[PDB]
Amino acid sequence: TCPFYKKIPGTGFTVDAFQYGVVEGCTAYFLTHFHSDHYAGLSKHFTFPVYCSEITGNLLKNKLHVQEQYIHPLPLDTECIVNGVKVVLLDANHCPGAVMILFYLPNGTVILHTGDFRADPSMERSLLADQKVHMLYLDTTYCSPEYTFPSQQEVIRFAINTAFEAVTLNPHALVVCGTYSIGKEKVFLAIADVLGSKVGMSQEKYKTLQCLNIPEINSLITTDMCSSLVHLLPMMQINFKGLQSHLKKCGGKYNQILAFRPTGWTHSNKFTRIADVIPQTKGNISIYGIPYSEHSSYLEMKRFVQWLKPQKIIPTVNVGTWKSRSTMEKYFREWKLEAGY
Ligand code: NI
């Protein structure tokens with residue numbers, strides 16, 4: 001059944017709850033972002049109102065084929081009324097079109113649901129500064145102090161410098177970037193930009209990117225692989241066999257591959273700096289795992305919550321085991337005692 005952490009009390013609303021059939025009592029289904037665990041269950045046969053950002057609405061229409069009449073896009077940073085309840089959508093700093101949702105309940109309670117987010121100090125000057133939030137439905141993906149990672153800026157700097165040096169030493173080296181969802185487009189765009197190339201990709205991935213309202217996108221991507229020296233591939237193909245394979249396909253236009261795998265966290269975060277990363281190498285193929293995260297570090301999350309001072313926290317991630325639940329509740333109490341709310 002639909003878990004309690006997907007239901008908004010005192011409304012008929014649910015968040016990211018599309019794979020339970022009809023939820024008894026649900027009058028409006030909100031969708032925070034277009035990632036498959038969140039949208040799972042949506043299709044052309046859905047006949048209930050879906051509320052989401054413009055970008056998530058373009059993807060529901062074009063990639064899932066949900067019918068236009070059931071898609072209700074809302075602008076960001078704007079007080080809107082949905083079935084008689086005031087709501088605001090805020091940028092989540094996750095993937096394109098990802099939002100947080102503020103619900104103002106008729107009883108006076110204010111609820112923030114973060115969806116998936118990477119907390120940032122800039123959020124402390126959004127419409128959240130304006131009033132008190134009583135309950136927080138929190139993205140707890142990396143709620144443990146071992147999870148450190150560098151800034152997005154630091155990681156992109158590294159990738160840019162690595163690629164530019166490699167291709168300048170060898171003009172017949174190909175750059176390959178893995179992907180399996182929207183998100184992390186800065187990685188392959190920033191590399192393409194320093195190399196004076198457009199990024200080349202499959203027809204399905206191009207279609208996906210043309211939904212995202214990226215400015216000048218037509219100048220930055222292409223379906224013609226041959227003209228491009230930054231290729232996107234399915235993340236599954238980012239390994240030596242898949243890359244050798246792909247290398248044959250280019251018809252001797254390249255003799256070397258430099259590949260990036262943008263991971264979340266991986267245990268080498270606990271021992272190694274971004275300046276000191278090294279790749280896995282087999283012949284003329286090298287693979288860098290780079291820790292580009294679109295989720296809050298432990299410290300970023302802690303700062304956000306200690307700023308917001310919620311009365312109650314409901315985790316939405318890692319909720320499946322008693323041990324995870326208990327560990328999370330311990331950190332929340334530490335935070336509250338240190339900060340005095
Ligand atoms: Ni996500």
# chains A, B, ... in the order shown; residues from 1 in each chain; ligands from 1
$ closest_atom_pairs --of "chain A" --to "ligand 1" --cutoff "9 Å" --atoms "only C-alpha atoms and all ligand atoms" --output "JSON lines"
{"residue": "A:32", "atom": "CA", "partner": "ligand 1", "partner_atom_place_in_ligand_line": "1 (Ni)", "distance": 8.7}
{"residue": "A:33", "atom": "CA", "partner": "ligand 1", "partner_atom_place_in_ligand_line": "1 (Ni)", "distance": 6.8}
{"residue": "A:34", "atom": "CA", "partner": "ligand 1", "partner_atom_place_in_ligand_line": "1 (Ni)", "distance": 7.5}
{"residue": "A:35", "atom": "CA", "partner": "ligand 1", "partner_atom_place_in_ligand_line": "1 (Ni)", "distance": 5.3}
{"residue": "A:36", "atom": "CA", "partner": "ligand 1", "partner_atom_place_in_ligand_line": "1 (Ni)", "distance": 8.1}
{"residue": "A:37", "atom": "CA", "partner": "ligand 1", "partner_atom_place_in_ligand_line": "1 (Ni)", "distance": 7.8}
{"residue": "A:38", "atom": "CA", "partner": "ligand 1", "partner_atom_place_in_ligand_line": "1 (Ni)", "distance": 7.3}
{"residue": "A:94", "atom": "CA", "partner": "ligand 1", "partner_atom_place_in_ligand_line": "1 (Ni)", "distance": 6.9}
{"residue": "A:95", "atom": "CA", "partner": "ligand 1", "partner_atom_place_in_ligand_line": "1 (Ni)", "distance": 7.1}
{"residue": "A:98", "atom": "CA", "partner": "ligand 1", "partner_atom_place_in_ligand_line": "1 (Ni)", "distance": 8.1}
{"residue": "A:115", "atom": "CA", "partner": "ligand 1", "partner_atom_place_in_ligand_line": "1 (Ni)", "distance": 7.9}
{"residue": "A:116", "atom": "CA", "partner": "ligand 1", "partner_atom_place_in_ligand_line": "1 (Ni)", "distance": 5.2}
{"residue": "A:117", "atom": "CA", "partner": "ligand 1", "partner_atom_place_in_ligand_line": "1 (Ni)", "distance": 7.9}
{"residue": "A:182", "atom": "CA", "partner": "ligand 1", "partner_atom_place_in_ligand_line": "1 (Ni)", "distance": 8.9}
{"residue": "A:183", "atom": "CA", "partner": "ligand 1", "partner_atom_place_in_ligand_line": "1 (Ni)", "distance": 8.3}
{"residue": "A:294", "atom": "CA", "partner": "ligand 1", "partner_atom_place_in_ligand_line": "1 (Ni)", "distance": 7.9}
{"residue": "A:295", "atom": "CA", "partner": "ligand 1", "partner_atom_place_in_ligand_line": "1 (Ni)", "distance": 8.2}
$ write_last_selection --atoms "N, CA and C atoms" --output "PDB file, in the first residue's frame"
ATOM      1  N   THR A  32       7.474  15.370  -8.110  1.00  0.00           N
ATOM      2  CA  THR A  32       8.617  16.291  -7.792  1.00  0.00           C
ATOM      3  C   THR A  32       9.625  16.407  -8.967  1.00  0.00           C
ATOM      4  N   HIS A  33       9.885  15.280  -9.597  1.00  0.00           N
ATOM      5  CA  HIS A  33      10.819  15.242 -10.772  1.00  0.00           C
ATOM      6  C   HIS A  33      10.744  13.975 -11.615  1.00  0.00           C
ATOM      7  N   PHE A  34      11.237  14.075 -12.857  1.00  0.00           N
ATOM      8  CA  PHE A  34      11.266  12.968 -13.773  1.00  0.00           C
ATOM      9  C   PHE A  34      12.429  12.006 -13.609  1.00  0.00           C
ATOM     10  N   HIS A  35      12.405  11.231 -12.520  1.00  0.00           N
ATOM     11  CA  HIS A  35      13.290  10.093 -12.279  1.00  0.00           C
ATOM     12  C   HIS A  35      12.381   8.885 -12.020  1.00  0.00           C
ATOM     13  N   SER A  36      12.832   7.744 -12.540  1.00  0.00           N
ATOM     14  CA  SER A  36      11.917   6.576 -12.669  1.00  0.00           C
ATOM     15  C   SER A  36      11.361   6.032 -11.364  1.00  0.00           C
ATOM     16  N   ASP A  37      12.141   5.949 -10.273  1.00  0.00           N
ATOM     17  CA  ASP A  37      11.572   5.534  -8.978  1.00  0.00           C
ATOM     18  C   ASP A  37      10.440   6.482  -8.526  1.00  0.00           C
ATOM     19  N   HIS A  38      10.506   7.757  -8.891  1.00  0.00           N
ATOM     20  CA  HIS A  38       9.471   8.737  -8.528  1.00  0.00           C
ATOM     21  C   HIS A  38       8.226   8.721  -9.415  1.00  0.00           C
ATOM     22  N   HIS A  94      18.381  19.709  -7.914  1.00  0.00           N
ATOM     23  CA  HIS A  94      18.546  18.223  -8.157  1.00  0.00           C
ATOM     24  C   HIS A  94      18.794  18.141  -9.715  1.00  0.00           C
ATOM     25  N   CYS A  95      17.881  17.537 -10.463  1.00  0.00           N
ATOM     26  CA  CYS A  95      17.958  17.456 -11.975  1.00  0.00           C
ATOM     27  C   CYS A  95      17.037  18.485 -12.595  1.00  0.00           C
ATOM     28  N   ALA A  98      13.281  19.576 -11.369  1.00  0.00           N
ATOM     29  CA  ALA A  98      13.038  19.064  -9.972  1.00  0.00           C
ATOM     30  C   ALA A  98      12.656  20.155  -9.019  1.00  0.00           C
ATOM     31  N   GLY A 115      11.159  16.711  -2.123  1.00  0.00           N
ATOM     32  CA  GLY A 115      11.441  15.785  -3.145  1.00  0.00           C
ATOM     33  C   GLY A 115      12.866  15.273  -2.988  1.00  0.00           C
ATOM     34  N   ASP A 116      13.587  15.080  -4.140  1.00  0.00           N
ATOM     35  CA  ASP A 116      15.068  14.907  -4.118  1.00  0.00           C
ATOM     36  C   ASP A 116      15.703  16.314  -4.208  1.00  0.00           C
ATOM     37  N   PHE A 117      16.718  16.597  -3.376  1.00  0.00           N
ATOM     38  CA  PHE A 117      17.377  17.920  -3.394  1.00  0.00           C
ATOM     39  C   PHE A 117      18.849  17.831  -3.012  1.00  0.00           C
ATOM     40  N   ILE A 182      17.891  11.781 -16.676  1.00  0.00           N
ATOM     41  CA  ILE A 182      18.215  13.192 -16.677  1.00  0.00           C
ATOM     42  C   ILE A 182      19.040  13.473 -15.410  1.00  0.00           C
ATOM     43  N   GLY A 183      19.653  14.669 -15.358  1.00  0.00           N
ATOM     44  CA  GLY A 183      20.625  14.991 -14.312  1.00  0.00           C
ATOM     45  C   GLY A 183      22.046  15.005 -14.788  1.00  0.00           C
ATOM     46  N   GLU A 294      23.908  15.063  -7.074  1.00  0.00           N
ATOM     47  CA  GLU A 294      22.736  15.924  -7.100  1.00  0.00           C
ATOM     48  C   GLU A 294      21.837  15.731  -5.815  1.00  0.00           C
ATOM     49  N   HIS A 295      22.461  15.199  -4.757  1.00  0.00           N
ATOM     50  CA  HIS A 295      21.855  15.056  -3.415  1.00  0.00           C
ATOM     51  C   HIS A 295      22.735  15.723  -2.406  1.00  0.00           C
TER      52      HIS A 295
END
$ residues_around --residues "residue A:126" --least-positions-apart "6" --cutoff "10 Å" --atoms "only C-alpha atoms" --output "list in words"
residues 77, 90 and 91 of chain A
$ write_last_selection --atoms "C-alpha atoms" --output "PDB file, in the first residue's frame"
ATOM      1  CA  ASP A  77       8.220  30.816  -6.866  1.00  0.00           C
ATOM      2  CA  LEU A  90      10.697  25.807  -5.378  1.00  0.00           C
ATOM      3  CA  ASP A  91      13.816  24.784  -7.218  1.00  0.00           C
TER       4      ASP A  91
END
$ residues_around --residues "stretch 133-147 of chain A" --least-positions-apart "2" --cutoff "7 Å" --atoms "only C-alpha atoms" --output "mmCIF file with C-alpha atoms, in the first residue's frame"
data_model
loop_
_atom_site.group_PDB
_atom_site.id
_atom_site.type_symbol
_atom_site.label_atom_id
_atom_site.label_comp_id
_atom_site.auth_asym_id
_atom_site.auth_seq_id
_atom_site.Cartn_x
_atom_site.Cartn_y
_atom_site.Cartn_z
ATOM 1 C CA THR A 109 0.193 24.103 9.393
ATOM 2 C CA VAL A 110 2.945 24.646 6.828
ATOM 3 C CA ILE A 111 4.654 21.569 5.267
ATOM 4 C CA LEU A 112 7.739 21.430 3.020
ATOM 5 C CA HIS A 113 8.349 18.286 0.934
ATOM 6 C CA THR A 114 11.904 18.442 -0.514
ATOM 7 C CA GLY A 115 11.441 15.785 -3.145
ATOM 8 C CA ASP A 116 15.068 14.907 -4.118
ATOM 9 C CA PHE A 117 17.377 17.920 -3.394
ATOM 10 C CA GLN A 131 7.303 31.891 7.486
ATOM 11 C CA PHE A 149 31.818 15.238 -1.443
ATOM 12 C CA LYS A 270 36.553 8.861 2.620
ATOM 13 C CA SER A 296 22.833 16.915 -0.199
ATOM 14 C CA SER A 297 26.079 15.933 1.567
ATOM 15 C CA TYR A 298 25.614 15.145 5.322
ATOM 16 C CA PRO A 310 11.210 22.132 11.712
ATOM 17 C CA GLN A 311 8.921 20.751 14.493
ATOM 18 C CA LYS A 312 8.844 17.276 12.928
ATOM 19 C CA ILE A 313 11.038 15.465 10.253
ATOM 20 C CA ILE A 314 9.672 12.600 8.084
ATOM 21 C CA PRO A 315 12.401 10.836 6.039
ATOM 22 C CA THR A 316 11.582 9.795 2.481
ATOM 23 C CA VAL A 317 14.818 7.788 1.774
ATOM 24 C CA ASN A 318 16.445 4.789 3.451
ATOM 25 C CA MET A 328 18.573 8.876 11.160
#
$ closest_atom_pairs --of "stretch 75-174 of chain A" --to "stretch 52-70 of chain A" --cutoff "8 Å" --atoms "only C-alpha atoms" --output "JSON lines"
{"residue": "A:75", "atom": "CA", "partner": "A:53", "partner_atom": "CA", "distance": 6.5}
{"residue": "A:76", "atom": "CA", "partner": "A:53", "partner_atom": "CA", "distance": 7.4}
{"residue": "A:89", "atom": "CA", "partner": "A:53", "partner_atom": "CA", "distance": 7.6}
{"residue": "A:96", "atom": "CA", "partner": "A:55", "partner_atom": "CA", "distance": 7.0}
{"residue": "A:97", "atom": "CA", "partner": "A:55", "partner_atom": "CA", "distance": 4.8}
{"residue": "A:98", "atom": "CA", "partner": "A:53", "partner_atom": "CA", "distance": 7.4}
{"residue": "A:99", "atom": "CA", "partner": "A:53", "partner_atom": "CA", "distance": 7.1}
$ residues_around --residues "stretch 184-197 of chain A" --least-positions-apart "4" --cutoff "6 Å" --atoms "only C-alpha atoms" --output "PyMOL selection string"
chain A and resi 160+228+230
$ write_last_selection --atoms "C-alpha atoms" --output "compact mmCIF listing (two decimals), in the first residue's frame"
# COMPACT_ATOMS: atom_id res chain seq x y z
CA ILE A 160 37.21 20.16 -17.97
CA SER A 228 31.25 15.27 -32.53
CA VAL A 230 32.08 14.09 -26.96
$ closest_residue --among "A:279, A:242, A:291, A:200" --to "residue A:153" --atoms "only C-alpha atoms"
A:291
$ residues_around --residues "residue A:158" --least-positions-apart "2" --cutoff "12 Å" --atoms "only C-alpha atoms" --output "list in words"
residues 150, 151, 152, 153, 154, 155, 156, 160, 161, 162, 163, 164, 165, 187, 190, 191, 260, 273, 274, 275, 276, 277, 278, 288, 289, 290, 291 and 292 of chain A
$ select_by_dssp --residues "stretch 170-341 of chain A" --states "strand (DSSP E or B)" --output "PDB file with N, CA, C and O atoms, in the first residue's frame"
ATOM      1  N   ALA A 173      41.896  11.258 -29.658  1.00  0.00           N
ATOM      2  CA  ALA A 173      41.214  10.683 -28.486  1.00  0.00           C
ATOM      3  C   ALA A 173      39.720  11.086 -28.489  1.00  0.00           C
ATOM      4  O   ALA A 173      39.364  12.226 -28.838  1.00  0.00           O
ATOM      5  N   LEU A 174      38.865  10.122 -28.151  1.00  0.00           N
ATOM      6  CA  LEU A 174      37.404  10.360 -28.085  1.00  0.00           C
ATOM      7  C   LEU A 174      37.085  10.548 -26.587  1.00  0.00           C
ATOM      8  O   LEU A 174      37.673   9.875 -25.741  1.00  0.00           O
ATOM      9  N   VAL A 175      36.164  11.465 -26.260  1.00  0.00           N
ATOM     10  CA  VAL A 175      35.627  11.548 -24.889  1.00  0.00           C
ATOM     11  C   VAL A 175      34.239  10.949 -24.846  1.00  0.00           C
ATOM     12  O   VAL A 175      33.426  11.256 -25.725  1.00  0.00           O
ATOM     13  N   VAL A 176      34.008  10.066 -23.878  1.00  0.00           N
ATOM     14  CA  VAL A 176      32.712   9.404 -23.697  1.00  0.00           C
ATOM     15  C   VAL A 176      32.200   9.719 -22.254  1.00  0.00           C
ATOM     16  O   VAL A 176      32.975   9.640 -21.298  1.00  0.00           O
ATOM     17  N   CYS A 177      30.901  10.013 -22.139  1.00  0.00           N
ATOM     18  CA  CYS A 177      30.246  10.262 -20.846  1.00  0.00           C
ATOM     19  C   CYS A 177      29.047   9.332 -20.712  1.00  0.00           C
ATOM     20  O   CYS A 177      28.240   9.219 -21.643  1.00  0.00           O
ATOM     21  N   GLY A 178      28.910   8.699 -19.548  1.00  0.00           N
ATOM     22  CA  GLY A 178      27.760   7.824 -19.277  1.00  0.00           C
ATOM     23  C   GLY A 178      26.566   8.602 -18.751  1.00  0.00           C
ATOM     24  O   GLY A 178      26.738   9.572 -18.037  1.00  0.00           O
ATOM     25  N   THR A 179      25.355   8.088 -19.039  1.00  0.00           N
ATOM     26  CA  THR A 179      24.095   8.597 -18.518  1.00  0.00           C
ATOM     27  C   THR A 179      23.009   7.493 -18.448  1.00  0.00           C
ATOM     28  O   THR A 179      22.987   6.600 -19.299  1.00  0.00           O
ATOM     29  N   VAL A 199      27.794  17.899 -28.329  1.00  0.00           N
ATOM     30  CA  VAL A 199      27.786  16.556 -27.804  1.00  0.00           C
ATOM     31  C   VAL A 199      26.913  15.723 -28.676  1.00  0.00           C
ATOM     32  O   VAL A 199      25.783  16.102 -28.886  1.00  0.00           O
ATOM     33  N   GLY A 200      27.367  14.539 -29.041  1.00  0.00           N
ATOM     34  CA  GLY A 200      26.625  13.617 -29.840  1.00  0.00           C
ATOM     35  C   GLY A 200      26.029  12.504 -29.031  1.00  0.00           C
ATOM     36  O   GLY A 200      26.682  12.031 -28.114  1.00  0.00           O
ATOM     37  N   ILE A 221      24.052  20.410 -28.719  1.00  0.00           N
ATOM     38  CA  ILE A 221      23.895  18.965 -28.902  1.00  0.00           C
ATOM     39  C   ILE A 221      23.588  18.565 -30.360  1.00  0.00           C
ATOM     40  O   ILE A 221      23.168  19.407 -31.122  1.00  0.00           O
ATOM     41  N   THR A 222      23.739  17.283 -30.686  1.00  0.00           N
ATOM     42  CA  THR A 222      23.507  16.781 -32.057  1.00  0.00           C
ATOM     43  C   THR A 222      23.292  15.297 -32.060  1.00  0.00           C
ATOM     44  O   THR A 222      23.734  14.595 -31.127  1.00  0.00           O
ATOM     45  N   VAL A 230      32.645  14.530 -28.261  1.00  0.00           N
ATOM     46  CA  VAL A 230      32.079  14.094 -26.962  1.00  0.00           C
ATOM     47  C   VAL A 230      30.835  13.257 -27.254  1.00  0.00           C
ATOM     48  O   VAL A 230      29.887  13.771 -27.817  1.00  0.00           O
ATOM     49  N   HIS A 231      30.912  11.949 -27.018  1.00  0.00           N
ATOM     50  CA  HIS A 231      29.781  11.034 -27.098  1.00  0.00           C
ATOM     51  C   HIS A 231      29.139  10.680 -25.739  1.00  0.00           C
ATOM     52  O   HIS A 231      29.847  10.397 -24.780  1.00  0.00           O
ATOM     53  N   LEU A 232      27.801  10.637 -25.707  1.00  0.00           N
ATOM     54  CA  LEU A 232      27.056  10.059 -24.587  1.00  0.00           C
ATOM     55  C   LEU A 232      26.695   8.621 -24.868  1.00  0.00           C
ATOM     56  O   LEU A 232      26.184   8.308 -25.945  1.00  0.00           O
ATOM     57  N   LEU A 233      26.863   7.762 -23.875  1.00  0.00           N
ATOM     58  CA  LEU A 233      26.388   6.385 -23.996  1.00  0.00           C
ATOM     59  C   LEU A 233      25.595   5.985 -22.786  1.00  0.00           C
ATOM     60  O   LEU A 233      25.818   6.525 -21.733  1.00  0.00           O
ATOM     61  N   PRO A 234      24.732   4.948 -22.902  1.00  0.00           N
ATOM     62  CA  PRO A 234      24.161   4.333 -21.707  1.00  0.00           C
ATOM     63  C   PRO A 234      25.220   4.011 -20.686  1.00  0.00           C
ATOM     64  O   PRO A 234      26.256   3.496 -21.058  1.00  0.00           O
ATOM     65  N   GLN A 256      41.936   6.296 -29.031  1.00  0.00           N
ATOM     66  CA  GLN A 256      42.053   6.447 -27.575  1.00  0.00           C
ATOM     67  C   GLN A 256      40.654   6.849 -27.091  1.00  0.00           C
ATOM     68  O   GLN A 256      39.960   7.561 -27.806  1.00  0.00           O
ATOM     69  N   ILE A 257      40.232   6.344 -25.936  1.00  0.00           N
ATOM     70  CA  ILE A 257      38.987   6.834 -25.279  1.00  0.00           C
ATOM     71  C   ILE A 257      39.321   7.294 -23.851  1.00  0.00           C
ATOM     72  O   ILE A 257      40.098   6.660 -23.119  1.00  0.00           O
ATOM     73  N   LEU A 258      38.720   8.420 -23.485  1.00  0.00           N
ATOM     74  CA  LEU A 258      38.751   8.926 -22.149  1.00  0.00           C
ATOM     75  C   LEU A 258      37.277   8.969 -21.752  1.00  0.00           C
ATOM     76  O   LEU A 258      36.533   9.571 -22.444  1.00  0.00           O
ATOM     77  N   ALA A 259      36.901   8.258 -20.714  1.00  0.00           N
ATOM     78  CA  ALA A 259      35.521   8.089 -20.314  1.00  0.00           C
ATOM     79  C   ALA A 259      35.302   8.575 -18.873  1.00  0.00           C
ATOM     80  O   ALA A 259      36.135   8.379 -17.989  1.00  0.00           O
ATOM     81  N   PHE A 260      34.150   9.230 -18.642  1.00  0.00           N
ATOM     82  CA  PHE A 260      33.732   9.637 -17.293  1.00  0.00           C
ATOM     83  C   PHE A 260      32.466   8.887 -16.829  1.00  0.00           C
ATOM     84  O   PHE A 260      31.480   8.833 -17.587  1.00  0.00           O
ATOM     85  N   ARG A 261      32.474   8.391 -15.590  1.00  0.00           N
ATOM     86  CA  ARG A 261      31.313   7.742 -14.968  1.00  0.00           C
ATOM     87  C   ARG A 261      30.882   8.625 -13.787  1.00  0.00           C
ATOM     88  O   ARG A 261      31.497   8.541 -12.732  1.00  0.00           O
ATOM     89  N   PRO A 262      29.825   9.451 -13.948  1.00  0.00           N
ATOM     90  CA  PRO A 262      29.519  10.365 -12.836  1.00  0.00           C
ATOM     91  C   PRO A 262      28.740   9.597 -11.812  1.00  0.00           C
ATOM     92  O   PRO A 262      27.549   9.355 -12.003  1.00  0.00           O
ATOM     93  N   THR A 263      29.431   9.152 -10.778  1.00  0.00           N
ATOM     94  CA  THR A 263      28.843   8.384  -9.700  1.00  0.00           C
ATOM     95  C   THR A 263      28.255   9.367  -8.677  1.00  0.00           C
ATOM     96  O   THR A 263      28.523  10.587  -8.730  1.00  0.00           O
ATOM     97  N   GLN A 280      40.807   4.008 -14.060  1.00  0.00           N
ATOM     98  CA  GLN A 280      41.073   2.602 -14.432  1.00  0.00           C
ATOM     99  C   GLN A 280      41.434   2.518 -15.928  1.00  0.00           C
ATOM    100  O   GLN A 280      40.671   3.004 -16.779  1.00  0.00           O
ATOM    101  N   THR A 281      42.574   1.878 -16.224  1.00  0.00           N
ATOM    102  CA  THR A 281      43.188   1.842 -17.573  1.00  0.00           C
ATOM    103  C   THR A 281      43.424   0.393 -18.102  1.00  0.00           C
ATOM    104  O   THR A 281      43.899  -0.486 -17.374  1.00  0.00           O
ATOM    105  N   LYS A 282      43.046   0.173 -19.361  1.00  0.00           N
ATOM    106  CA  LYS A 282      43.299  -1.066 -20.069  1.00  0.00           C
ATOM    107  C   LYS A 282      43.563  -0.639 -21.488  1.00  0.00           C
ATOM    108  O   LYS A 282      42.640  -0.486 -22.288  1.00  0.00           O
ATOM    109  N   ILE A 285      42.189   2.822 -23.374  1.00  0.00           N
ATOM    110  CA  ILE A 285      40.900   3.186 -22.730  1.00  0.00           C
ATOM    111  C   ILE A 285      41.127   3.512 -21.235  1.00  0.00           C
ATOM    112  O   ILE A 285      41.708   2.691 -20.500  1.00  0.00           O
ATOM    113  N   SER A 286      40.673   4.704 -20.796  1.00  0.00           N
ATOM    114  CA  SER A 286      40.739   5.141 -19.399  1.00  0.00           C
ATOM    115  C   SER A 286      39.357   5.658 -18.932  1.00  0.00           C
ATOM    116  O   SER A 286      38.716   6.433 -19.658  1.00  0.00           O
ATOM    117  N   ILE A 287      38.974   5.258 -17.717  1.00  0.00           N
ATOM    118  CA  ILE A 287      37.639   5.471 -17.126  1.00  0.00           C
ATOM    119  C   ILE A 287      37.835   6.177 -15.789  1.00  0.00           C
ATOM    120  O   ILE A 287      38.483   5.643 -14.874  1.00  0.00           O
ATOM    121  N   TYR A 288      37.298   7.394 -15.684  1.00  0.00           N
ATOM    122  CA  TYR A 288      37.305   8.158 -14.447  1.00  0.00           C
ATOM    123  C   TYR A 288      35.915   8.076 -13.808  1.00  0.00           C
ATOM    124  O   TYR A 288      34.931   8.367 -14.458  1.00  0.00           O
ATOM    125  N   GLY A 289      35.837   7.670 -12.559  1.00  0.00           N
ATOM    126  CA  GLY A 289      34.590   7.826 -11.766  1.00  0.00           C
ATOM    127  C   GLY A 289      34.761   9.168 -11.073  1.00  0.00           C
ATOM    128  O   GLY A 289      35.739   9.349 -10.339  1.00  0.00           O
ATOM    129  N   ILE A 290      33.836  10.110 -11.311  1.00  0.00           N
ATOM    130  CA  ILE A 290      33.921  11.432 -10.673  1.00  0.00           C
ATOM    131  C   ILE A 290      32.670  11.643  -9.775  1.00  0.00           C
ATOM    132  O   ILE A 290      31.565  11.271 -10.154  1.00  0.00           O
ATOM    133  N   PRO A 291      32.890  12.085  -8.521  1.00  0.00           N
ATOM    134  CA  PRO A 291      31.783  12.182  -7.575  1.00  0.00           C
ATOM    135  C   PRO A 291      30.963  13.497  -7.710  1.00  0.00           C
ATOM    136  O   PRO A 291      31.080  14.437  -6.845  1.00  0.00           O
ATOM    137  N   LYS A 312       8.800  18.720  13.182  1.00  0.00           N
ATOM    138  CA  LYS A 312       8.844  17.276  12.928  1.00  0.00           C
ATOM    139  C   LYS A 312       9.529  16.993  11.557  1.00  0.00           C
ATOM    140  O   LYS A 312       9.234  17.699  10.583  1.00  0.00           O
ATOM    141  N   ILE A 313      10.314  15.906  11.497  1.00  0.00           N
ATOM    142  CA  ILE A 313      11.038  15.465  10.253  1.00  0.00           C
ATOM    143  C   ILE A 313      10.526  14.069   9.918  1.00  0.00           C
ATOM    144  O   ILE A 313      10.530  13.210  10.810  1.00  0.00           O
ATOM    145  N   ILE A 314      10.088  13.878   8.659  1.00  0.00           N
ATOM    146  CA  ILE A 314       9.672  12.600   8.084  1.00  0.00           C
ATOM    147  C   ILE A 314      10.631  12.210   6.937  1.00  0.00           C
ATOM    148  O   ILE A 314      10.566  12.781   5.841  1.00  0.00           O
ATOM    149  N   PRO A 315      11.494  11.246   7.177  1.00  0.00           N
ATOM    150  CA  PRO A 315      12.401  10.836   6.039  1.00  0.00           C
ATOM    151  C   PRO A 315      11.681  10.242   4.887  1.00  0.00           C
ATOM    152  O   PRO A 315      10.687   9.532   5.098  1.00  0.00           O
TER     153      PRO A 315
END
$ residues_around --residues "residue A:4" --least-positions-apart "3" --cutoff "12 Å" --atoms "only C-alpha atoms" --output "CSV table (one decimal) with N, CA and C atoms, in the first residue's frame"
chain,number,residue,atom,x,y,z
A,1,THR,N,0.8,-1.3,0.0
A,1,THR,CA,0.0,0.0,0.0
A,1,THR,C,0.8,1.3,0.0
A,7,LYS,N,1.9,10.8,1.7
A,7,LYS,CA,0.6,11.4,1.9
A,7,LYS,C,0.8,12.7,2.7
A,8,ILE,N,0.1,13.7,2.3
A,8,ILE,CA,0.1,15.1,2.9
A,8,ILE,C,-1.2,15.2,3.7
A,9,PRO,N,-1.1,15.1,5.1
A,9,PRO,CA,-2.3,15.2,6.0
A,9,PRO,C,-3.1,16.4,5.7
A,13,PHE,N,-3.9,15.1,-1.1
A,13,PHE,CA,-2.7,15.1,-2.0
A,13,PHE,C,-1.8,14.0,-1.7
A,14,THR,N,-1.1,13.5,-2.8
A,14,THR,CA,0.0,12.5,-2.6
A,14,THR,C,1.2,13.1,-3.4
A,15,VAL,N,2.4,12.7,-3.0
A,15,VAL,CA,3.6,13.1,-3.7
A,15,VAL,C,4.4,11.8,-4.1
A,16,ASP,N,4.7,11.8,-5.4
A,16,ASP,CA,5.5,10.7,-6.0
A,16,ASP,C,5.0,9.3,-5.7
A,17,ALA,N,3.7,9.1,-5.9
A,17,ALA,CA,2.9,8.0,-5.5
A,17,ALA,C,2.0,7.5,-6.7
A,23,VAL,N,-5.2,5.6,-5.3
A,23,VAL,CA,-5.0,5.8,-3.9
A,23,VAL,C,-6.3,6.4,-3.4
A,137,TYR,N,9.3,16.8,5.0
A,137,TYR,CA,9.5,15.5,4.4
A,137,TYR,C,10.8,15.5,3.6
A,314,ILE,N,10.1,13.9,8.7
A,314,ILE,CA,9.7,12.6,8.1
A,314,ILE,C,10.6,12.2,6.9
A,315,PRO,N,11.5,11.2,7.2
A,315,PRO,CA,12.4,10.8,6.0
A,315,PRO,C,11.7,10.2,4.9
A,316,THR,N,12.2,10.4,3.7
A,316,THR,CA,11.6,9.8,2.5
A,316,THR,C,12.6,8.8,1.8
A,319,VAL,N,14.2,4.4,4.3
A,319,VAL,CA,13.2,4.2,5.3
A,319,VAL,C,12.8,2.7,5.5
$ select_by_dssp --residues "stretch 148-298 of chain A" --states "helix (DSSP H, G or I)" --output "PyMOL selection string"
chain A and resi 152-169+185-194+203-210+217-219+235-237+240-249+267-270+298
$ residues_around --residues "residue A:20" --least-positions-apart "5" --cutoff "12 Å" --atoms "only C-alpha atoms" --output "ChimeraX atom specification"
/A:1-3,6,14,26,29,39-42
$ write_last_selection --atoms "C-alpha atoms" --output "short mmCIF file (atom, residue, chain, number, x, y, z; two decimals), in the first residue's frame"
data_model
loop_
_atom_site.label_atom_id
_atom_site.label_comp_id
_atom_site.auth_asym_id
_atom_site.auth_seq_id
_atom_site.Cartn_x
_atom_site.Cartn_y
_atom_site.Cartn_z
CA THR A 1 0.00 0.00 0.00
CA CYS A 2 0.94 3.75 -0.30
CA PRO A 3 3.25 4.62 2.55
CA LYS A 6 3.88 9.89 0.51
CA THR A 14 0.02 12.55 -2.61
CA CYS A 26 -6.40 11.20 -3.66
CA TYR A 29 -1.00 13.55 -7.60
CA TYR A 39 7.25 8.53 -11.65
CA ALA A 40 6.98 4.72 -11.71
CA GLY A 41 3.54 3.80 -12.79
CA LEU A 42 2.71 6.81 -15.00
#
